[PDB]
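Novice: Here it is: the structure, laid out below.
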Amino acid sequence: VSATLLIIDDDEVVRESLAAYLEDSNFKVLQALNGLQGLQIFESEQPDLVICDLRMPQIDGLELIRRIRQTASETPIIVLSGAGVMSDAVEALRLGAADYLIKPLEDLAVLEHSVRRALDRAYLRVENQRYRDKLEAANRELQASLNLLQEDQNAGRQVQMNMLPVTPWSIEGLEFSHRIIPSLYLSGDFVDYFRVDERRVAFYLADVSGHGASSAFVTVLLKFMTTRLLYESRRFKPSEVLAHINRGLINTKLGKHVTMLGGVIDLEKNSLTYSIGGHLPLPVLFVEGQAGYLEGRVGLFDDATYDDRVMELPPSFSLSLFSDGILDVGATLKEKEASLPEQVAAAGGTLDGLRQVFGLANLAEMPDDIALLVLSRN
Amino acid sequence: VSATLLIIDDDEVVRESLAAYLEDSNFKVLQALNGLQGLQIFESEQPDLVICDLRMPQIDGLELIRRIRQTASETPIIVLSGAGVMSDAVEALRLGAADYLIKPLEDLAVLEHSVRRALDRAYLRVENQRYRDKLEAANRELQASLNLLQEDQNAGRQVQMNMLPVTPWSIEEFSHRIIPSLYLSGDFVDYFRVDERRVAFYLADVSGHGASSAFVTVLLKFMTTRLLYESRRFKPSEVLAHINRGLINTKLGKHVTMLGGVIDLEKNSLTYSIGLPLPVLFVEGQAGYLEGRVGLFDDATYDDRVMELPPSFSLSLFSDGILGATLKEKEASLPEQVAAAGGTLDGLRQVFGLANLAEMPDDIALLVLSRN
């Protein structure tokens, strides 16, 4: 069991000894009495190495190769030549030959050296083309199992696109604009705002614990219950809504929490009633080039414990909500970044202008998901 | 604007013409008056093809090559000479030269070809070395974006495992086992108790598998439980009409083939109400389906047939996970003949689940009861 050769020497005496030696070292020796049949033995089962003479009956040495190199079978060709001709040796290595030798050679080992020589500089090429093949192939059958997921993601992304309301939906003067930029297809962030028989308006912005597929499962339960309540109710506290999501996400519902910022604004008295349950960057209001958060303080705790703070609204108004999207362009400091957004948003063009500069500049996927729901009135 | 050569011939008269011609075909011809400096030219920058003689001051032709090879810089090496000794060329072609030419050749064209015979058979040697590099680098570079999206699915996986009940939850045994096709599944199974006097259960195969089929399985576990946190307590099918008005109200436009039904633990009765493969019950080595026949029709149209329960019992609801086969009708009356042959639930389930872990079209899920 070893690399197989193919000694094609006319001399039945010389080829007799050379065979017993190579074959003794585990090499597979294939003899050939005529320079012809040797070329037929090759074409049948491509040998690994072909050692031959040149002055032979029928086909000669110089030709025996000329075909072996045209059959697209670039296999190592050693020449244990027994002729002292110079022109027969130059042209043997013009066509590409491993190691030309001379005869009679006394050391039956000198060949071994040049034999395993060519076999090496060859064997590399082999597994080289085999790696190239088994690399490009191990990849095409890989991506074919990946575009299965790459297309399954887009089937869960567009399903959310038609879930959030359209922008900029303006009613009675209020421009409920928004702009979400998920990191991986569907985001754990969700924004929705619907009217209630015209007399009352509601809205919110949520951020599911982290991002990804698991975080998406919760973005749906939120859009389903908040709307389903409409058909159920024949109509109180914005906090009572949170208490509903609560028991829900608390009733063996995956076990994922979400940070919210709900509220219900009345269009007849210009009053806002917001109830908060997450420590996320509070709702910044923009009134006359100014900025400032609000005083207020999940659904994972079996205790509602949610509160709301009634507040009035000036003629000029621009409430801005934000998710766990920080430093998406200062940074490296909590308190400094817990009062930077208000100064950045106040300096920006209320909403779009500034937010647009951040969006196109760094489309890079900020860990977690970055979402924003900006209202306007002026 | 082509390849760059490196001629190294003694004769200044011979090297001059050879250069003015090679440099006339867009080739940078680097000359070297002595065989030594050439060896130095090849080290500073790497020329493409080196054409030299042999008899030269300092380092002759023979040695010159012997080193260029030792530096592992396997490049084209042509050897046109005036030394007809065979023991000269023999060695020059053990060291891996390209094409041995002879002097004083009169046609400067024979060289052109012998040159592009090496360059071309080398430009391909460098392309499949950059290809092997690009193929490899890009391969793994992709793998990094593959083993990253996969973890996202897992999140959606370990988030549902915490949704379905626990097995084999034995009360007064509601076993189960959902084997999703890939990551998230459109298959769901749940069975929650009710004030100890009455126990519920159900199974549901959502329209297809994957992402858009999973979102719905979550809207099922909410409306079946929200009924508990609302009801201060009739018909089991009613719950099916409940899932209806929800998934019929702009809910992804998907549907589900349910199999609900309440079971009282005090009167030994079961009131199912199908809305997919019927319930196969195994009692005393036999089988038999139940009479019955969604959430896409604005009309309710659900029935529920009351039934008494024997001392022994083992219902078995299966989702769209089929395969005998080769004939719908045959494979519709085979699951009962495979159920009876099976060990009721752990017999042919644990024997043909580890056999083919391969993903099956649509999600496949089951929910097997037991009492004996």
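Just so you know, all these numbers are worked out from the coordinates, no wet-lab data involved. Don't worry about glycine lacking a Cβ; one is built from the backbone with ideal geometry, like all the others, and counts go over all protein chains shown.
Novice: How about region B:55-160: which GluC sites (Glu not before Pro) there lie in a loop by DSSP and see at most 16 other Cβ atoms within 10 Å?
Specialist: Details: sites: B:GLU63, B:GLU74, B:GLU91, B:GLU106, B:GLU112, B:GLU127, B:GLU136, B:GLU141, B:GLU151; in loops: B:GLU74, B:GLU106.
Answer by residue number: B:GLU74, B:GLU106.
Novice: Also, I was wondering about something else. Counting only other chains, what is the mean number of Cβ atoms within 10 angstrom of the Cβ of each residue in peptide A:88-97?
Specialist: Working: counts 1, 6, 12, 2, 3, 10, 9, 1, 5, 2.
Across the residues of A:88-97, the mean count of other-chain Cβ atoms within 10 Å is 5.
Novice: Additional query: Going by average Cβ density within 10 Å per residue, which order do the peptides B:303-311, B:364-372 take, highest to lowest?
Specialist: B:364-372, B:303-311
Novice: Under 1.5 on a/c is rounded, so check that first for the protein assembly as shown, then, if it is not, pick prolate when a/b is larger than b/c and oblate when it is not; a ≥ b ≥ c are the square roots of the alpha carbon gyration tensor eigenvalues.
Specialist: Details: a/c = 4.56, a/b = 1.88, b/c = 2.42.
Taking the square roots of the gyration eigenvalues as a ≥ b ≥ c, the protein assembly as shown is oblate.
Novice: Placing unit charges on C-beta atoms (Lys and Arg positive, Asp and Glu negative, everything else neutral), compute the dipole magnitude of the protein assembly as shown about its Cα centre in debye, rounded to 20.
Specialist: Working: 72 positive and 107 negative charges, 629 e Å.
About 3020 debye.
Novice: Given +1 on the Cβ of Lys and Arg, -1 on the Cβ of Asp and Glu, and no further charges, what dipole in debye does region B:108-160 carry about its Cα centre, rounded to the nearest 20?
Specialist: The calculated dipole for region B:108-160 is roughly 280 debye.
Novice: Which number comes out as Rg/Rh for region B:261-322 once both Rg and the Kirkwood Rh are worked out on C-alpha atoms?
Specialist: 1.00
Novice: First select every other residue whose beta carbon is under 9 angstrom from the beta carbon of A:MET56; then total the charges, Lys and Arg +1, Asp and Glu -1.
Specialist: -3
Novice: Can you give the three extents of the C-alpha atoms in region A:1-141 along their principal axes, from longest to shortest, in whole Å?
Specialist: That gives 54, 31, 25 Å along the principal axes, largest extent first.
Novice: Could you give the Stokes-Einstein D for chain B in µm² per second, using the C-alpha Kirkwood radius, 25 °C, 0.890 mPa s? If you can, show how the numbers build up before the last one.
Specialist: Working: Rh = 27.5 Å.
Taking Rh from Cα pairs, D becomes 89 µm²/s.
Novice: Of A:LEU5, A:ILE51, A:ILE68, which is farthest towards the positive pole of region A:1-107's charge dipole, taken about the Cα centre with +1 and -1 on the beta-carbons of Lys, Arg and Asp, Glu respectively?
Specialist: About the Cα centre, the residue reaching furthest to the positive side is A:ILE68.
Novice: Right, here's the next one. What Rg and what Dmax come out for region A:162-376 when only alpha-carbon atoms are used, in angstroms?
Specialist: 16.5, 49
Novice: Just to verify a number: FRET efficiency for B:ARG140 and B:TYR21, C-beta to C-beta distance, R0 = 41 Å, to 0.05?
Specialist: The calculated FRET efficiency here is 0.30.
Novice: To continue, here is another question. I need the trypsin sites (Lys or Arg not before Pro) found in region A:1-69, filtered to DSSP loop residues with at most 16 other beta carbons within 10 Å of theirs.
Specialist: When the trypsin sites (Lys or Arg not before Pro) of region A:1-69 are filtered for loop state and at most 16 Cβ neighbours within 10 Å, A:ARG55, A:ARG69 remain.
Novice: Here is a follow-up. At q = 0.20, 0.22 Å⁻¹, what log₁₀ I(q)/I(0) does a Debye calculation on the Cα points of region A:120-226 give, no solvent, two decimals?
Specialist: For the requested q values the scattering log ratios are -1.05, -1.16.
Novice: Which value, in nm² and rounded to one decimal, describes the direction-averaged projected area of the C-alpha convex hull of region A:265-378?
Specialist: 8.3
Novice: Something else now. Under 19 Å Cα to Cα from B:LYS103, which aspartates and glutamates show up? Leave out anything in the same chain fewer than 8 places away.
Specialist: A:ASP88, A:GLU91, B:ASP9, B:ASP10, B:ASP11, B:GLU12, B:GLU16, B:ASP53, B:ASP60, B:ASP88, B:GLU91, B:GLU112
Novice: Taking B:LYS254 as the anchor, which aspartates and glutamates have their alpha carbon closer than 12 Å to its alpha carbon, excluding any fewer than eight residues away along the same chain?
Specialist: B:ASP205
Novice: Now a separate question. Roughly what would the spin-label model give for B:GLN129 and B:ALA325, points 7 Å off Cα along C-beta, in nm?
Specialist: Placing both labels 7 Å along Cα→Cβ, they lie 5.1 nm apart.
Novice: Over the Cα atoms of region A:192-319, how large are the radius of gyration and the largest Cα-Cα distance (Dmax), in Å?
Specialist: Every Cα atom of region A:192-319 included, Rg and Dmax give 15.0, 46 Å.
Novice: Moving to a separate point now. Whole-Å semi-axes of region B:238-292's equivalent ellipsoid, largest first, each the root of 5 times a Cα gyration tensor eigenvalue?
Specialist: Square roots of five times the eigenvalues give 28, 15, 7 Å.
Novice: In addition: Can you find, among A:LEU300, A:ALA155, B:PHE215, the residue farthest towards the positive end of the dipole of the protein assembly as shown? Put +1 on the C-beta of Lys and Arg, -1 on that of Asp and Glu.
Specialist: A:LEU300
Novice: For A:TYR306, what is the net charge nearby, where nearby means another residue's Cβ is under 11 Å from its Cβ and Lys, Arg count +1, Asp, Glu -1?
Specialist: Net of charged neighbours comes to -2.
Novice: Let me ask something additional. Return an integer: the convex hull volume of the alpha-carbon atoms of region A:154-197, in Å³ per residue.
Specialist: Once divided by residue count, the hull of region A:154-197 is 74 Å³.
Novice: Per-residue Cβ counts within 10 Å, from other chains only, averaged over A:177-187: what number is that?
Specialist: 1
Novice: Same structure, new question: Which whole number gives the average, over all residues in B:211-223, of C-beta atoms from other chains lying within 10 Å of the residue C-beta? Please list the in-between numbers first.
Specialist: On the way: counts 13, 6, 3, 5, 11, 1, 1, 8, 6, 0, 5, 11, 3.
For this peptide, the per-residue mean of nearby foreign Cβ atoms is 6.
Novice: Which of rounded, prolate or oblate describes region B:108-160 when judged by the alpha-carbon gyration tensor and an a/c cut-off of 1.5?
Specialist: Cα axes put region B:108-160 in the prolate bin.
Novice: Return the ratio Rg/(2.2 N^0.38 Å) for region B:7-63, where Rg is computed over Cα atoms only.
Specialist: Numbers: Rg = 10.9 Å, N = 57, 2.2 N^0.38 = 10.2 Å.
It is 1.06.
Novice: Turning to a different aspect of this structure: At a Cα cut-off below 17 Å, give the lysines reachable from A:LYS269, other chains included and same-chain residues fewer than 8 away excluded.
Specialist: A:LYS237
Novice: Quick one: of A:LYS256/B:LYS235; A:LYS134/B:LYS134; B:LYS221/B:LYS251; A:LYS253/B:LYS251, which pairs are farther than 23 Å apart, Cα to Cα?
Specialist: With Cα atoms farther than 23 Å apart: A:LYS256/B:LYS235.
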